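Working notes, beginning with the structure itself.
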12 protein chains.
Amino acid sequence: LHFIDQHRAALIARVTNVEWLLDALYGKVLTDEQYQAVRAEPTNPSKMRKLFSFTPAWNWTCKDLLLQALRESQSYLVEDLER
Amino acid sequence: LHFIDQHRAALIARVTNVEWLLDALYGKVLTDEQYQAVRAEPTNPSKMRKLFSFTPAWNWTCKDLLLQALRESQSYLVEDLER
Amino acid sequence: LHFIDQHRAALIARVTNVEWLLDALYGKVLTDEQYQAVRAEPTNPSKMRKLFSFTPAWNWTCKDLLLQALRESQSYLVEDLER
Amino acid sequence: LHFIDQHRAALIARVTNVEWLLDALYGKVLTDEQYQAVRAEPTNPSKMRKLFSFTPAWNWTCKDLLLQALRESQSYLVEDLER
Amino acid sequence: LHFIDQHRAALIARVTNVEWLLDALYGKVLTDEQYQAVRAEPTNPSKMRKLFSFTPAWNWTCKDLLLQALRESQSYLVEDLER
Amino acid sequence: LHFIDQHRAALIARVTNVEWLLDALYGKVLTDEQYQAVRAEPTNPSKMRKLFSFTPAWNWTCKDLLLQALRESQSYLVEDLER
Amino acid sequence: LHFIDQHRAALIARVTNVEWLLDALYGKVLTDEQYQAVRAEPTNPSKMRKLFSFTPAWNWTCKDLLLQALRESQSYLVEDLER
Amino acid sequence: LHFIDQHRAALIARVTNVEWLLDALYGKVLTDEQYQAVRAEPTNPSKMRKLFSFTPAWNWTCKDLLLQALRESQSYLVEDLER
Amino acid sequence: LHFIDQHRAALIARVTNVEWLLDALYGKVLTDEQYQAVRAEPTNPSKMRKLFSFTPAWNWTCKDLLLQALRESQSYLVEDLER
Amino acid sequence: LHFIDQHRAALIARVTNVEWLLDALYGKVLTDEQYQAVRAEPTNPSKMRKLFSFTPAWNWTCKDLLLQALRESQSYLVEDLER
Amino acid sequence: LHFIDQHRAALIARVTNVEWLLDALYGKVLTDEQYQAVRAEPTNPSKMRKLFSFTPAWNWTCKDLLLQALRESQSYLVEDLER
Amino acid sequence: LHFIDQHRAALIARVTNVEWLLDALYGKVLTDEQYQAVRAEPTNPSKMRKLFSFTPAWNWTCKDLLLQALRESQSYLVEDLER
């Protein structure tokens with residue numbers, strides 16, 4: 001939701017488990033070509049920037065899916081960002 | 001805590017019992033995929049650098065857990081670094 | 001079949017015997033270069049993701065072969081996923 | 001069952017009779033290749049970590065089989081861990 | 001010959017005496033470096049897969065030599081595979 | 001036959017004189033190197049496990065020979081295992 | 001109890017009646033395979049080290065049994081170690 | 001010579017021992033940086049393609065050196081390709 | 001200092017322990033993203049070129065830190081370059 | 001102390017009684033897993049190299065303990081090395 | 001000296017006692033991390049190539065040290081290479 | 001000489017008295033560490049394979065010494081291998 005837009009820079013600079021999020025979002029929110037494009041980036045911040053480049057076409061539901069995946073993967077990161 | 005960030009290079013170059021720390025952090029701070037990824041590195045400094053690559057997503061509590069595991073495993077190393 | 005696409009994330013994160021599947025699929029579905037490319041990945045999830053990267057070129061028969069190999073190797077995993 | 005996941009680190013660090021467990025789990029939970037791979041590790045903790053690397057594919061029944069084998073082999077260890 | 005390519009998976013999963021084959025193939029089909037590389041694998045299936053990784057460069061004569069070595073070492077395995 | 005695969009664990013844990021069986025199987029099923037490798041194990045269960053490590057390459061006839069040797073050596077063990 | 005952990009090196013280097021202790025601990029603390037494995041060591045210190053290799057799985061009751069068996073076996077050694 | 005250009009695809013897909021060729025060509029045809037770049041590829045076809053990427057800057061003598069190295073390493077492959 | 005700018009090509013082509021320098025410069029001169037970007041290069045010259053791409057933003061103090069790290073790591077290389 | 005670092009190669013090549021040192025260093029300087037890892041090496045130089053691989057984490061006190069154990073075990077070796 | 005550069009391929013393919021050279025060069029030409037990295041290679045040629053990967057940073061004195069270590073370890077190999 | 005390379009497999013599979021050859025080659029051709037490494041193998045073929053692992057570093061004189069020792073030890077084996 002609005003969470004990923006409010007903490008965009010922190011999420012880009014601090015998310016470390018990107019492949020899990022990609023697998024969670026595959027098919028439902030991400031097409032195969034976008035999946036490969038994100039996966040082809042060198043570093044984790046680059047991968048997160050490429051993934052965020054697709055966010056303008058997302059509605060509230062897709063952002064909620066991403067937030068749920070983040071909560072399942074890195075609960076501590078989400079708790080820290082909320083605090 | 002801030003201890004692991006203060007002594008990052010020394011911890012990378014001097015920690016010798018990495019599997020014990022991985023077992024301590026498994027399931028709570030490290031996912032199974034990250035566990036295998038760290039375990040697949042050739043040398044101890046490589047394993048420590050791969051483990052530290054996941055640090056930016058950690059909060060204070062995860063770093064406290066890592067420091068407690070280090071104290072339990074290598075008390076002498078922690079005492080030397082503090083001194 | 002559609003089974004490997006319905007449970008893509010679970011199969012990626014839970015398949016542990018990858019070399020047996022690679023041997024089962026060698027020649028018939030996988031070329032030698034793709035075989036080495038999959039075999040060169042560090043961890044099991046990495047190998048599974050690399051193998052799934054070749055899926056878009058597969059028809060129903062290739063996916064059926066993969067599912068049959070999975071049933072022969074890990075019957076319990078397939079039974080759990082179906083349930 | 002969930003017992004082996006709850007006491008993963010203790011089981012890795014404390015199980016001493018691994019060959020008996022491997023023989024108990026051979027064929028029905030462990031393939032021959034996995035049996036050889038576990039048997040090729042140098043030390044008991046290494047063998048236990050290699051064996052636990054196959055657990056993500058296991059369902060509840062396989063973990064029950066492992067727990068039953070542990071109870072038959074080292075009852076005292078199981079009672080100590082439960083207490 | 002084509003026999004080792006037709007029964008590749010079975011040969012990998014069932015050949016148990018690899019050292020004799022390596023000694024038979026040393027010098028004339030296998031270089032010293034390849035010999036050492038095959039020797040370094042943990043398990044018999046791993047050794048056989050490493051050995052098979054060199055097969056793309058082999059001609060018919062090398063495969064005939066390997067088949068002759070297999071017949072000399074494990075005649076029963078070859079007879080079972082043909083049947 | 002299938003008997004030695006059905007009672008693998010019991011045969012490993014209960015066979016007493018492996019040297020007689022090794023003499024019976026020498027040359028016909030076991031090469032000299034395999035004979036020496038089995039003979040070099042410390043304990044009887046270790047010897048039986050090493051011997052069973054060669055069984056994947058065996059056909060029905062070799063297992064029948066082993067069962068006949070067992071019947072000649074320990075009739076009582078075979079009768080106990082049947083019931 | 002904690003006694004065998006406090007005087008581990010002294011017990012390893014000074015215990016001379018090992019077969020009696022093995023008989024005392026047989027069945028209830030030691031399996032048959034472990035019994036045979038300990039009996040296969042060349043020297044008394046090696047046997048005692050092999051026996052101590054199984055202590056990580058033991059609880060307080062098993063160590064108490066070992067200490068009691070030592071007390072009947074070599075009372076002078078125990079009272080010298082306590083002093 | 002023209003041999004490597006005529007059989008480029010087969011050489012890429014069938015050459016299995018690349019490190020020997022790299023050592024043979026080091027210093028005379030390959031710089032240290034090119035050597036490291038070729039050595040960093042995951043699979044044998046990738047290494048061969050990376051090595052062939054340097055071909056356009058070679059004259060007849062360098063290609064002759066590569067062919068001589070191939071004859072010394074894989075005589076059977078060269079005879080098969082010529083036939 | 002001006003030393004690294006005077007010997008840029010030699011340092012790029014001859015520095016072999018880059019990870020130690022990266023650890024020395026982490027946090028103080030290099031950000032986490034720059035650290036990952038440098039670490040993602042295939043070969044040592046590529047890593048050195050990527051690291052040198054950040055030097056236009058450095059003052060005298062950062063270059064002094066890099067030179068001190070080089071002296072600590074490769075004293076012989078610095079002495080050779082100065083000579 | 002610095003003695004074991006000044007005479008590292010000589011200590012690796014000349015120490016013959018490693019079991020006594022391992023028993024002396026058990027628990028207080030060496031964890032159980034490290035003890036088993038050192039005990040699994042084939043030869044005495046291999047055991048000493050494995051033991052020395054743990055030295056980067058040691059402080060002055062641990063090295064002093066090792067030197068005291070060496071003096072108690074091999075007085076002649078220490079006297080020769082000092083001279 | 002220039003000897004190791006002139007006979008690079010032969011030294012890579014023929015040096016058999018690498019651990020002795022590593023111990024000789026430890027602490028003077030090789031850091032601990034490089035020592036571990038070289039020690040982690042599977043085969044002797046792999047270890048030699050990994051060691052030679054650090055050559056570009058060496059000056060004449062380091063190569064002289066390596067040549068002296070080779071003369072002390074394999075006098076016959078050096079004599080054969082010289083002629 | 002070339003004799004041990006022409007009959008490598010036969011010598012590996014047929015030499016039965018290895019200690020005498022090791023004692024003959026001690027110091028002059030074999031270092032103490034290599035002597036211990038060869039002596040630690042389980043079976044005679046394994047010991048001979050470990051011994052032949054050091055052959056590539058040998059010149060003609062070392063092979064002549066080994067052949068002379070073989071003639072002193074097993075004259076009948078050499079005479080049989082000649083014909």
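Chain labels follow the order of the structure tokens: the first chain is A, the next B, and so on; residue numbering restarts at 1 in every chain, and ligands are counted from 1 in their shown order.
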Residues at most 7 Å from region 51-64 of chain L, counting only C-alpha atoms, excluding those fewer than 6 positions away in the same chain, as a list in words? residues 14, 15, 16, 76, 77 and 80 of chain K; 1, 29 and 38 of chain L
Which parts of chain H does DSSP call alpha helix (DSSP H) when run on the backbone here, written out as a short mmCIF file (atom, residue, chain, number, x, y, z; two decimals) with N, CA and C atoms, in the first residue's frame?
data_model
loop_
_atom_site.label_atom_id
_atom_site.label_comp_id
_atom_site.auth_asym_id
_atom_site.auth_seq_id
_atom_site.Cartn_x
_atom_site.Cartn_y
_atom_site.Cartn_z
N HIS H 2 42.51 -21.70 -40.01
CA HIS H 2 41.13 -21.70 -40.48
C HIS H 2 40.30 -22.83 -39.89
N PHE H 3 40.95 -23.83 -39.28
CA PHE H 3 40.23 -24.94 -38.67
C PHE H 3 39.31 -24.46 -37.56
N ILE H 4 39.80 -23.57 -36.69
CA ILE H 4 38.98 -23.12 -35.57
C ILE H 4 37.82 -22.24 -36.04
N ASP H 5 37.99 -21.53 -37.15
CA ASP H 5 36.88 -20.75 -37.69
C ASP H 5 35.87 -21.63 -38.41
N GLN H 6 36.33 -22.70 -39.04
CA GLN H 6 35.42 -23.59 -39.75
C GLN H 6 34.55 -24.39 -38.79
N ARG H 8 33.77 -23.60 -35.52
CA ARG H 8 33.60 -22.76 -34.34
C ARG H 8 32.51 -23.29 -33.42
N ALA H 9 31.33 -23.58 -33.97
CA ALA H 9 30.22 -24.01 -33.13
C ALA H 9 30.51 -25.35 -32.46
N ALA H 10 31.07 -26.30 -33.20
CA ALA H 10 31.40 -27.60 -32.62
C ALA H 10 32.45 -27.46 -31.53
N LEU H 11 33.45 -26.61 -31.75
CA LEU H 11 34.48 -26.40 -30.74
C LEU H 11 33.89 -25.78 -29.48
N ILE H 12 32.98 -24.81 -29.64
CA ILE H 12 32.34 -24.21 -28.48
C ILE H 12 31.53 -25.25 -27.72
N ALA H 13 30.79 -26.10 -28.44
CA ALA H 13 29.88 -27.03 -27.79
C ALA H 13 30.54 -28.31 -27.31
N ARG H 14 31.79 -28.59 -27.70
CA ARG H 14 32.39 -29.88 -27.40
C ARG H 14 33.72 -29.84 -26.66
N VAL H 18 39.29 -26.67 -20.82
CA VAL H 18 39.63 -25.33 -21.28
C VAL H 18 40.85 -24.76 -20.56
N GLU H 19 41.04 -25.13 -19.29
CA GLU H 19 42.13 -24.55 -18.51
C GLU H 19 43.49 -24.88 -19.10
N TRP H 20 43.64 -26.09 -19.65
CA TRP H 20 44.90 -26.44 -20.30
C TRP H 20 45.18 -25.54 -21.49
N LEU H 21 44.15 -25.28 -22.31
CA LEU H 21 44.32 -24.37 -23.43
C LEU H 21 44.67 -22.96 -22.96
N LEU H 22 44.01 -22.51 -21.89
CA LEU H 22 44.31 -21.18 -21.36
C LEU H 22 45.75 -21.09 -20.89
N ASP H 23 46.24 -22.12 -20.20
CA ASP H 23 47.63 -22.12 -19.76
C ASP H 23 48.58 -22.16 -20.95
N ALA H 24 48.22 -22.90 -21.99
CA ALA H 24 49.07 -22.96 -23.18
C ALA H 24 49.15 -21.60 -23.88
N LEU H 25 48.04 -20.88 -23.93
CA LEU H 25 47.98 -19.60 -24.64
C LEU H 25 48.35 -18.41 -23.77
N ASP H 32 46.88 -11.21 -19.17
CA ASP H 32 46.41 -11.67 -17.86
C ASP H 32 44.94 -11.32 -17.65
N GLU H 33 44.53 -10.12 -18.06
CA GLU H 33 43.14 -9.72 -17.90
C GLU H 33 42.21 -10.60 -18.72
N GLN H 34 42.59 -10.90 -19.97
CA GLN H 34 41.77 -11.79 -20.79
C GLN H 34 41.71 -13.19 -20.18
N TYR H 35 42.83 -13.66 -19.64
CA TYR H 35 42.87 -14.96 -18.98
C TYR H 35 41.88 -15.00 -17.82
N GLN H 36 41.90 -13.97 -16.97
CA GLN H 36 40.97 -13.92 -15.84
C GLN H 36 39.53 -13.82 -16.32
N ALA H 37 39.28 -13.04 -17.37
CA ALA H 37 37.92 -12.88 -17.87
C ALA H 37 37.37 -14.19 -18.40
N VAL H 38 38.18 -14.94 -19.14
CA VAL H 38 37.74 -16.25 -19.63
C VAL H 38 37.53 -17.20 -18.46
N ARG H 39 38.45 -17.20 -17.50
CA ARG H 39 38.35 -18.11 -16.37
C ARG H 39 37.14 -17.85 -15.49
N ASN H 44 31.60 -24.49 -19.42
CA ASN H 44 32.58 -24.68 -20.49
C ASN H 44 32.17 -24.00 -21.79
N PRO H 45 30.93 -24.12 -22.28
CA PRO H 45 30.56 -23.35 -23.48
C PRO H 45 30.71 -21.85 -23.29
N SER H 46 30.40 -21.33 -22.10
CA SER H 46 30.58 -19.91 -21.85
C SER H 46 32.05 -19.52 -21.92
N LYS H 47 32.92 -20.34 -21.33
CA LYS H 47 34.36 -20.08 -21.41
C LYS H 47 34.84 -20.10 -22.85
N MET H 48 34.37 -21.08 -23.63
CA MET H 48 34.80 -21.17 -25.03
C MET H 48 34.31 -19.98 -25.83
N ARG H 49 33.08 -19.53 -25.60
CA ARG H 49 32.57 -18.36 -26.30
C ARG H 49 33.36 -17.11 -25.92
N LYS H 50 33.67 -16.95 -24.64
CA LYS H 50 34.45 -15.79 -24.21
C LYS H 50 35.83 -15.82 -24.84
N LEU H 51 36.45 -16.99 -24.91
CA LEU H 51 37.76 -17.11 -25.56
C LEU H 51 37.67 -16.78 -27.04
N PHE H 52 36.63 -17.28 -27.72
CA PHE H 52 36.46 -16.99 -29.13
C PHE H 52 36.16 -15.52 -29.39
N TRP H 60 47.24 -15.69 -38.21
CA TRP H 60 47.31 -17.12 -38.47
C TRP H 60 48.13 -17.85 -37.41
N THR H 61 49.19 -17.21 -36.92
CA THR H 61 50.09 -17.88 -35.97
C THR H 61 49.38 -18.19 -34.66
N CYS H 62 48.58 -17.25 -34.15
CA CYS H 62 47.87 -17.49 -32.90
C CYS H 62 46.87 -18.63 -33.04
N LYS H 63 46.14 -18.66 -34.16
CA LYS H 63 45.20 -19.75 -34.39
C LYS H 63 45.93 -21.08 -34.54
N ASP H 64 47.12 -21.06 -35.15
CA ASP H 64 47.93 -22.27 -35.22
C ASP H 64 48.34 -22.74 -33.83
N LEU H 65 48.70 -21.80 -32.96
CA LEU H 65 49.03 -22.17 -31.58
C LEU H 65 47.84 -22.81 -30.88
N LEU H 66 46.65 -22.23 -31.06
CA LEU H 66 45.46 -22.82 -30.46
C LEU H 66 45.19 -24.22 -31.00
N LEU H 67 45.36 -24.41 -32.31
CA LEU H 67 45.14 -25.72 -32.90
C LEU H 67 46.16 -26.73 -32.38
N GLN H 68 47.41 -26.32 -32.22
CA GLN H 68 48.42 -27.21 -31.66
C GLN H 68 48.08 -27.60 -30.23
N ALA H 69 47.62 -26.63 -29.43
CA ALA H 69 47.20 -26.94 -28.07
C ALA H 69 46.03 -27.92 -28.07
N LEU H 70 45.08 -27.74 -28.98
CA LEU H 70 43.96 -28.67 -29.08
C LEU H 70 44.42 -30.07 -29.45
N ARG H 71 45.35 -30.17 -30.40
CA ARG H 71 45.88 -31.48 -30.79
C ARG H 71 46.58 -32.15 -29.62
N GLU H 72 47.35 -31.39 -28.85
CA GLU H 72 48.02 -31.97 -27.69
C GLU H 72 47.02 -32.40 -26.62
N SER H 73 45.96 -31.62 -26.42
CA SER H 73 45.01 -31.92 -25.35
C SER H 73 43.99 -32.97 -25.78
N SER H 75 43.32 -34.99 -28.89
CA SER H 75 43.59 -35.48 -30.23
C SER H 75 42.34 -36.10 -30.85
N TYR H 76 41.57 -36.84 -30.05
CA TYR H 76 40.39 -37.53 -30.58
C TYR H 76 39.35 -36.53 -31.08
N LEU H 77 39.17 -35.42 -30.37
CA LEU H 77 38.22 -34.41 -30.83
C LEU H 77 38.64 -33.82 -32.17
N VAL H 78 39.93 -33.54 -32.33
CA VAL H 78 40.41 -32.97 -33.59
C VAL H 78 40.23 -33.97 -34.73
N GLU H 79 40.56 -35.24 -34.49
CA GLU H 79 40.38 -36.25 -35.53
C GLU H 79 38.90 -36.42 -35.88
N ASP H 80 38.02 -36.37 -34.88
CA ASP H 80 36.59 -36.48 -35.15
C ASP H 80 36.11 -35.31 -35.98
N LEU H 81 36.53 -34.09 -35.64
CA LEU H 81 36.10 -32.91 -36.38
C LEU H 81 36.62 -32.94 -37.81
N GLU H 82 37.88 -33.35 -38.00
CA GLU H 82 38.43 -33.43 -39.35
C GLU H 82 37.71 -34.47 -40.19
#
Quick check, in Å to one decimal: how far apart do CA of residue 7 (chain I) and CA of residue 27 (chain K) lie? 25.9 Å
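CA of residue 26 (chain F) sits 14.9 Å away from CA of residue 17 (chain E).
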Would you work out the distance separating CA of residue 30 (chain D) from CA of residue 41 (chain F), expressed in Å to one decimal? 23.6 Å
